[PDB]
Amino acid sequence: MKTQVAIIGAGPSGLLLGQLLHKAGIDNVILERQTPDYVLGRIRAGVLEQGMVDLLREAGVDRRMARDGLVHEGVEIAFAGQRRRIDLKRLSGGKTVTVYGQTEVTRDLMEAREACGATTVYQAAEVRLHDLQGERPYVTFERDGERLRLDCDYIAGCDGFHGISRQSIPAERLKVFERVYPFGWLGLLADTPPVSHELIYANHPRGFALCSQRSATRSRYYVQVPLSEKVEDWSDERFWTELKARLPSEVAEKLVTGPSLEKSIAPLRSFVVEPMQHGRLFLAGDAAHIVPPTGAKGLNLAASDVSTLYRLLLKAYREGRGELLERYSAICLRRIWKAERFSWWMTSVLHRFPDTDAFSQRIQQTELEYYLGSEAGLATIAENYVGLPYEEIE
């Protein structure tokens, strides 16, 4: 079996990269460990930046999003009994964010790939990478018992945080930067109309809470919870009671509750590896870095890695400029670090930490009061939230 670019992982990163590549005439094969249905069952991202929206249009898979996605011009932050709106559109110079579920984006890409007839192997078991530094690397996997070999020119690891690609790079060649937060997010998806037309991030003494949405009739809520928690300890009603307690009274009053469609706990983490490549293997998305969800950057950062990888591969194949691929990591890491900094800042100002002294609690409150009350402060939040510009390359 032979292709030009082997892609490990059929989550949004691998699918978007494969679609862009296919449209440009660069043959590619995607290998996924799970089934199509499993990938589709993952409830994740809800907020997309402009850059991600444009990339989807470039890949020609934006029809449904343009029709169903909600365009938001602001977000709200509640703390110490007050709600402050950040006018993203005004303060960022006209940019906005789009609410369109990750399951939707994934469905759209999967449908697009199937129609094009591009190769996707689901349930590709025990994927292994070989000859990463050679001229001709290859991937071995198992499909119903028999070990098959796939030859390629380049391999893009889009297999997420627990994928095989990052583990395939000699450990000594990588520098890992990581921070684990002492809390996670308990999320609940409900078929109820959202409590607000815009998102509400709330810093409350009992802990962080976030009111989000998926459509006019589907909502997504999260509450900060310690790492000791098990999802089975949280009935739907306990969640609603806890959520209501962390929100301002006028918001909790008009809250329409209902049975959960999905409920899960996501641990918060910051993680970055340098470099993001090794020989003919290039990491993209969650395979290379993780951000705590507070800044809604994860999927958006994956889009820029992919945008960068696609452009460089195009240069390599169409223009014979293969040397440009060495700049991949330098280019991506500039954007990754700034988004990591923003996500870390958002996280530290909105969550309640366990070992916090009086001075720190006051500084946290003051950070909010300052940034939400200063035009310059508001602009730093807004420009970061809508997404910093992509680097053009060369």
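Numbers for residues come from their place in the sequence shown, where the first is 1.
Checklist line | Higher-scoring stretch by recorded Cα B factor average, 317 to 325 or 240 to 248 | finding: Looking at the recorded C-alpha B-factors, 317 to 325 comes out higher on average.
Notebook entry, point to check: Got a sec? Mean C-alpha B-factor, which is higher, 103 to 111 or 229 to 237?
Noted result: Per the PDB entry, the higher value belongs to 229 to 237.
Next item on the list: Among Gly145, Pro194, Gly279, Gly258, single out the one with the highest C-alpha B factor in the record, please.
Entry: In this record, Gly145 carries the highest C-alpha B-factor of the candidates.
Note to self: Take the CA temperature factors straight from the PDB entry and tell me which of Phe79, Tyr122, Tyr310, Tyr222 peaks.
What the structure shows: Of the candidates given, the C-alpha B-factor peaks at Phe79.
Check: Comparing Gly41 with the other modelled residues of its chain, is its CA B-factor in the lowest, middle or highest third?
Finding: Highest third.
Item checked: Entry-reported Cα temperature factor of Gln361, expressed as the chain third it lands in -> Ranked within chain, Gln361 CA B lands in the highest tercile.
Note to self: Ranking the modelled residues of this chain by C-alpha B-factor as given in the entry, is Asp286 in the lowest, middle or highest third?
What the structure shows: CA B-factor rank for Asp286: lowest third.
Checklist line | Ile164 CA temperature factor, ranked by third within the chain | finding: Bottom third by C-alpha B-factor.
Next item on the list: Sort the modelled residues of this chain by their C-alpha B factor and say whether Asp153 lands in the lowest, middle or highest third.
Entry: Answer is lowest: the recorded C-alpha B-factor places it there.
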